[PDB]
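# Coordinate analysis (summary)
Letter by letter, the chains look like this.
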Amino acid sequence: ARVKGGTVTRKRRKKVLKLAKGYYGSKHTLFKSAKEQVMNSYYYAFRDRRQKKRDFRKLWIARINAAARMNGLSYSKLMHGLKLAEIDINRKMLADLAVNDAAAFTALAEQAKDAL
Amino acid sequence: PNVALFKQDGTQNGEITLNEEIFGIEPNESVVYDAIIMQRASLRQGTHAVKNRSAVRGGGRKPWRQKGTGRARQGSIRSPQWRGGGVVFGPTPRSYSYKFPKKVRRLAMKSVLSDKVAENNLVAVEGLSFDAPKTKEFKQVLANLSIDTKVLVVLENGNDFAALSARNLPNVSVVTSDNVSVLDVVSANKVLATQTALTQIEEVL
Amino acid sequence: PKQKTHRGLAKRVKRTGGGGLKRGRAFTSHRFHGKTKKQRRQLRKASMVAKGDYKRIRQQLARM
Amino acid sequence: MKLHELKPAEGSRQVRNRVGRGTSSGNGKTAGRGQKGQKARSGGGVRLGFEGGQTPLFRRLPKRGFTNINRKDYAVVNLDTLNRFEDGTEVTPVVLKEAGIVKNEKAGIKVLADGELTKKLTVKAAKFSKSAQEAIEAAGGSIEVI
RNA sequence: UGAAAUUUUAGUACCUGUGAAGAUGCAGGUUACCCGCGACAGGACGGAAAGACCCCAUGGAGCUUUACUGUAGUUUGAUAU
RNA sequence: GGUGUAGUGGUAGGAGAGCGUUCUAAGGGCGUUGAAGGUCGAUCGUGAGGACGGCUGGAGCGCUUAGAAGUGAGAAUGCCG
RNA sequence: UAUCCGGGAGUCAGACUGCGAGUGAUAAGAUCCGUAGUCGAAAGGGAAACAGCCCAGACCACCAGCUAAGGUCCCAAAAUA
RNA sequence: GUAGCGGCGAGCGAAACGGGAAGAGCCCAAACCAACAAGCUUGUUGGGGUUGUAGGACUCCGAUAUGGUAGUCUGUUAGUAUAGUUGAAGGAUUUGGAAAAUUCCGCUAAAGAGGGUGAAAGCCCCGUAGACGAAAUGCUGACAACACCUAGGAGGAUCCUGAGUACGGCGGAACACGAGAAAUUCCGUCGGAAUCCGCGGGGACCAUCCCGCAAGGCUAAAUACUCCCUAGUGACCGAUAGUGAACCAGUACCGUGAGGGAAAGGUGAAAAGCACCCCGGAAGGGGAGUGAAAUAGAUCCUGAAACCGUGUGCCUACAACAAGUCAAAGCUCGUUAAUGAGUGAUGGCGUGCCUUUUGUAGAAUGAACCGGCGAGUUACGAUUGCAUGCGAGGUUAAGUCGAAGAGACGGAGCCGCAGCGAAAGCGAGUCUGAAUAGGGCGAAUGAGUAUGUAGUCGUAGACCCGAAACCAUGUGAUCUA
Ligand SMILES: [K+]
Ligand SMILES: [K+]
Ligand SMILES: [K+]
Ligand SMILES: [K+]
Ligand SMILES: [K+]
Ligand SMILES: [K+]
Ligand SMILES: [K+]
Ligand SMILES: [K+]
Ligand SMILES: [K+]
Ligand SMILES: [K+]
Ligand SMILES: [Mg+2]
Ligand SMILES: [Mg+2]
Ligand SMILES: [Mg+2]
Ligand SMILES: [Mg+2]
Ligand SMILES: [Mg+2]
Ligand SMILES: [Mg+2]
Ligand SMILES: [Mg+2]
Ligand SMILES: [Mg+2]
Ligand SMILES: [Mg+2]
Ligand SMILES: [Mg+2]
Ligand SMILES: [Mg+2]
Ligand SMILES: [Mg+2]
Ligand SMILES: [Mg+2]
Ligand SMILES: [Mg+2]
Ligand SMILES: [Mg+2]
Ligand SMILES: [Mg+2]
Ligand SMILES: [Mg+2]
Ligand SMILES: [Mg+2]
Ligand SMILES: [Mg+2]
Ligand SMILES: [Mg+2]
Ligand SMILES: [Mg+2]
Ligand SMILES: [Mg+2]
Ligand SMILES: [Mg+2]
Ligand SMILES: [Mg+2]
Ligand SMILES: [Mg+2]
Ligand SMILES: [Mg+2]
Ligand SMILES: [Mg+2]
Ligand SMILES: [Mg+2]
Ligand SMILES: [Mg+2]
Ligand SMILES: [Mg+2]
Ligand SMILES: [Mg+2]
Ligand SMILES: [Mg+2]
Ligand SMILES: [Mg+2]
Ligand SMILES: [Mg+2]
Ligand SMILES: [Mg+2]
Ligand SMILES: [Mg+2]
Ligand SMILES: [Mg+2]
Ligand SMILES: [Mg+2]
Ligand SMILES: [Mg+2]
Ligand SMILES: [Mg+2]
Ligand SMILES: [Mg+2]
Ligand SMILES: [Mg+2]
Ligand SMILES: [Mg+2]
Ligand SMILES: [Mg+2]
Ligand SMILES: [Mg+2]
């Protein structure tokens, strides 16, 4: 018996085209240019889902370094004093403190500068 | 295998004993399954065909040169990748049927009947001797025997009036004690049967 | 159509009880002055077909 | 069984391996034929015992023997069967065929002695082996020849 | 009034370098408001064409001959008419 | 079913589990109070994919088990439009 | 993890790096072997970019942490130690 | 797929036995006899007689019989094909344009096959089951008439029993059989037998034995096939499918011609197909109106995508970016209401997909895009695994009966149970060998078989496309020589 496949193909392609919204021109209308960009988008997504963490860590670190220089100390000597003083404070938290509560960050800096 | 014998009027006449050789066994479900698929594949007809690249009206002319054109290489107007085009393989005239061993067949029959007996879905009768083939009489018989589901009706070779009376009903299949089949019985949920028919079954088997 | 049996094999091997194949030997026809007698007596003794060769010819001499 | 509840036994029926229907099937995009080559072609490959022009095994070996058209191939009964039959009776090819022991009386029944006999029997056949004669006559039977 | 070849998508710079070894697209640096019109033709290893040179195929075709094997004709003989 | 240990990059390729399509047999159920198909949705599933709604539409189609295959397309200088 | 039996394959174009030799002009991203690795079939981090070099083997999620080679004046995280 | 054939290669490949389906056997020349004729034979007619446990003519004995027919527009008779007739049972509520749907109580069935009917109908219709029917022409089968065949027992004194024939040589073919040891059959050529104490065959050939009697002819049935007709069926197609053709298709069109060869289906239940009015030259629109519906109005059901537009929320004219991803301000909306949707300034990272490659972002190949179509299938066999049945017994094939079925019957045959050897032959042993030797192959160790299913192989186009080319018909000198 014969099989045509009218709906399978169309549904399978509408899925990709819905995934391909926001893409310039042909890349949201045509299945080939879209699919070729959906796969690359997923590659980039998988990769950025790792680089995200690197980026925020980098950012936090720059902030901590700035807030320490404003107290007369550097990121590295700060964090070494913390590891000495057994102070397990995440860098995310420490950046939030450097932004909002400069006094808490200053207290941590005093702890570290005593540890050293 | 003690089975309640009823009348054509519904009253219970008594009992009949049946061969444990046939009705008492454990059923073999794989065997029943095999027999089912075989009988359906046999009732299949297999008349279906298609025209390949050869049987299709046309071809011969290579529609253009091998070379020179900026056109793909093509060798016939009726190859598979043309708007007409012979089908690549497709169906053929084909026989799906197959025989398979007699012991498996007879074990299938025994297994089916024994399953019916275990589920109590036999109904024996002494009569079914209709003066004439009216179907409402047979329907009243079914009602007296409290049947409301599908049913297969086994009959001795000659009870024509009863066969005709049972024929037209949708719930009812009818068969004559030698043409009995696994597909018929298994399709049916219950089995009305004459004592004569049961004896014919137990002598042919 | 059923298989065709390779008659050149059917003339040159023989089934044993384990299904293996017996065979005559080579270097046993016409040029014996170049062969020592140990070779001649050891080559008039039949041998058996190899594993990888039976793998290649069984489909030909399936029943035979 | 019920037709709306059918099942086979496990492992009895297997799902076909369809070929060239995507990469994640594994049998896709080449059909398990691999990259280019004579084996990767429709109707490709080679003959069934072909070594690539190298001298084939059949050709490098000698023909041996002949066939005797007058050969007598006998149907064998190995003396462990006949413990069936009641002692004192008469064994024949007709008896053996009716029982179903010997279906092909090729050239005649030959009797051979591998198993132990334990009966008196008036056996008869085309040929006996000497060990079978000894065993039968020792049990107390009697050899004849048709 | 109204085509065609072509066309993976394109918001389609330059130098140096890299790299399937000669980059609009990668890197580093530099330059450059957005959109067009007329002209030119350096590049897009531009288009047209499954390189015609070359090599391969246990491919093909035509042709030659003291390659092989045959043959139509020519000739000689025997036999029949 | 759970606890622990160890592992789970992958081409050719081998093995096993599946999703989906058309049809059939049986069972059961849904449709002018609006089926399939079309379209939009911010939904569920590990994946193939599956539902539920809104609009369109106007008559056939699902669900469970099993079976049979013209059973899944993005490329063929592919064919037709 | 080795062996034996049997089913099914694919592979017979390999490349570079380091060490050992030949041919070479002890030239070649050359050629041919051995040996080990990597690629091929391997993403990721460094070498600017850079299959083949150094570190290291992606089952998934985390806006958590410790390290590797390589690095810490800015681009660009870390010492103007 | 045996025995054999075969560059003993590739491959080719029987027959008989056995089982079944169907069944039927008959004529003539010749010897001789009777008649006619020319010129005792020898042409014609009739009679006679057709064979191998040899037969017939011929010489003697009685039947006048007895059965059959593969014949006849001899007729009748019966049936059947080609028209046809009849053929049961339901009305109301809800939805709705319409009821066949829903609910209610019923009815019917030798009829619940199917189709149509404003939607899905056992009870509305056509019909179905069933029961009747042919003036006329055919056909089939019986029954009578006609017609044609149909005899028995001894002898073999003698005669006949298929002549340029069988056979042989040379050359070639067909036989499974390729000259090979090549029987058998047939064609050409040349030569060239006997005939009942005879002749041919039994795979060179001779002898023996057995079987048969050519050189003359006919013969139904089972078997193959379907342009067609009737009745039908489909785990066949459903408008790029299925016939090339569902549509006025071998058409339009191309070609001198042979020849090739398309595309193109669907309003609505019913045309009820838009009276009339307005714009306009008309077409085409806009109202009105039919209709359940007109975004169902001839491009007519549904009406995707590419593509072309209109408007609108956000962004965009110091920016380079395989065009995305991740983070993110601002703005605007509000969901299958849940760590919401859309947009996106700006920043970080990032050289498409396929193929083929040692290696391709590749300046190596393919793709303009969208949609459809489009590639490991089947038959017969072999083998392995899994499953089932049975088990050292497992199983039927063809064919018959029977729904185009299952099933029963059918044991012929197939595999396995005993192998070893070239073979004779022996036999749990056998072969080699002088050999109780040793060794090889085998057994004591043991399990196979039927079916299904999947992987794989073979033969068939065998996975899909793609050559130049080869061969065999035919068509072309309206161009040009
Ligand atoms: K394979
Ligand atoms: K230019
Ligand atoms: K040539
Ligand atoms: K498709
Ligand atoms: K590796
Ligand atoms: K109806
Ligand atoms: K011959
Ligand atoms: K960006
Ligand atoms: K099998
Ligand atoms: K088994
Ligand atoms: Mg990528
Ligand atoms: Mg053709
Ligand atoms: Mg077609
Ligand atoms: Mg020799
Ligand atoms: Mg299958
Ligand atoms: Mg693979
Ligand atoms: Mg692909
Ligand atoms: Mg290769
Ligand atoms: Mg390929
Ligand atoms: Mg290969
Ligand atoms: Mg050679
Ligand atoms: Mg270059
Ligand atoms: Mg460069
Ligand atoms: Mg980069
Ligand atoms: Mg202009
Ligand atoms: Mg070019
Ligand atoms: Mg080329
Ligand atoms: Mg893995
Ligand atoms: Mg891993
Ligand atoms: Mg459908
Ligand atoms: Mg397909
Ligand atoms: Mg396409
Ligand atoms: Mg090193
Ligand atoms: Mg190199
Ligand atoms: Mg090296
Ligand atoms: Mg490779
Ligand atoms: Mg890497
Ligand atoms: Mg790569
Ligand atoms: Mg650290
Ligand atoms: Mg820094
Ligand atoms: Mg045959
Ligand atoms: Mg009626
Ligand atoms: Mg209808
Ligand atoms: Mg009703
Ligand atoms: Mg002869
Ligand atoms: Mg001759
Ligand atoms: Mg068509
Ligand atoms: Mg359509
Ligand atoms: Mg500027
Ligand atoms: Mg600006
Ligand atoms: Mg870029
Ligand atoms: Mg490209
Ligand atoms: Mg191109
Ligand atoms: Mg030629
Ligand atoms: Mg002319």
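- Method of determination for the deposited model, per the PDB record: cryo-EM, at 2.9 Å resolution.

## Re a positive patch on the surface
Residue and element names in this part refer to chain C.
- A cluster of basic residues, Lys37, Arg40, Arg41, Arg44 and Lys45, forms a positive patch on the protein surface.
- Mapped onto the secondary structure, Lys37 falls in helix α2 (residues 37-43).
- Overall, the relative accessible area of 39% leaves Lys37 in the partly exposed class.

## A look at the protein's contact with RNA strand H
- Around RNA strand H sit 149 residues in total, of which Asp48(A), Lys136(B), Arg12(C), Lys29(D) and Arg84(D) are the nearest.
- Those atoms of RNA strand H that come within 4 Å of the protein belong to sugar or phosphate at a rate of 71%.
- Here a sugar or linking oxygen of RNA strand H and a side-chain polar atom of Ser42(B) are 2.9 Å apart.
- Interatomic distance of 2.4 Å between a side-chain N/O atom of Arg105(B) and a phosphate oxygen of RNA strand H.
- For the surface near RNA strand H, the secondary-structure elements that each account for two or more residues are α1 (7-19) and α2 (31-69) of chain A, α2 (29-43), α3 (102-118), α4 (135-144) and α5 (160-167) of chain B, β1 (13-15) of chain C together with α2 (130-139) of chain D.
- Of the residues assigned to the surface near RNA strand H, the class counts are 39 nonpolar, 50 polar and 60 charged.

## Side note on the sheet that holds strand β2 (residues 21-23) of chain C
All names here are of chain C.
- Taken in spatial order, the three strands of this open sheet run β1-β2-β3, and their pairing is antiparallel. Edge strands, defined here as strands with exactly one partner in the open sheet, are β1 and β3 (47-48).
- Where β2 and β3 come together, two bridges link them in antiparallel fashion. From the neighbouring strand, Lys22 faces β3, where its bridge partner is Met48.

## Considering the protein's contact with RNA strand F
- Surrounding RNA strand F, one finds 47 residues, the nearest of these being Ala1(A), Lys18(A), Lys21(A), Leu6(D) and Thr30(D).
- The separation between a sugar or linking oxygen of RNA strand F and a polar side-chain atom of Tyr33(B) is 2.5 Å.
- Listed by contribution, the elements that provide at least two residues to the surface near RNA strand F are α1 and α2 of chain A together with α2 of chain B.
- Top element by residues in the surface near RNA strand F is α1(A). It accounts for ten residues.
- Here the surface near RNA strand F is built from residues that sort into twelve nonpolar, twelve polar and 23 charged.

Calculation criteria
Residues numbered from 1 in each chain as written, not as in the entry; some residues may be left out. Chains lettered and ligands numbered in written order. Part of a larger assembly, values for the part shown. Heavy atoms only, no water. Patch = residues over 30% accessible without salt bridge, like charges linked within 9 Å, V, L, I, M, F, W, Y side chains within 5 Å. Areas by Shrake-Rupley, 256 points an atom, 1.4 Å probe, with all protein chains shown as cover. Salt bridge = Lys/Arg side-chain N within 4 Å of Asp/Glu carboxyl O. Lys, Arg positive; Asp, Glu negative; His and termini not counted. Charge placed at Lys NZ, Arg CZ, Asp CG, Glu CD. Helix = DSSP H or I, 4+ residues; strand = E, 2+ residues; numbered from the N terminus. Buried < 20%, exposed > 50% of the residue type's maximum accessible area, 1.4 Å probe, protein only. Near = heavy atom within 4 Å. Polar contact = N/O pair within 3.5 Å; in protein donor to acceptor, adjacent residues only side chain to side chain. Nonpolar A, V, L, I, M, F, W, Y, C, P; charged D, E, K, R; others polar. Pairing = 2+ DSSP bridges.

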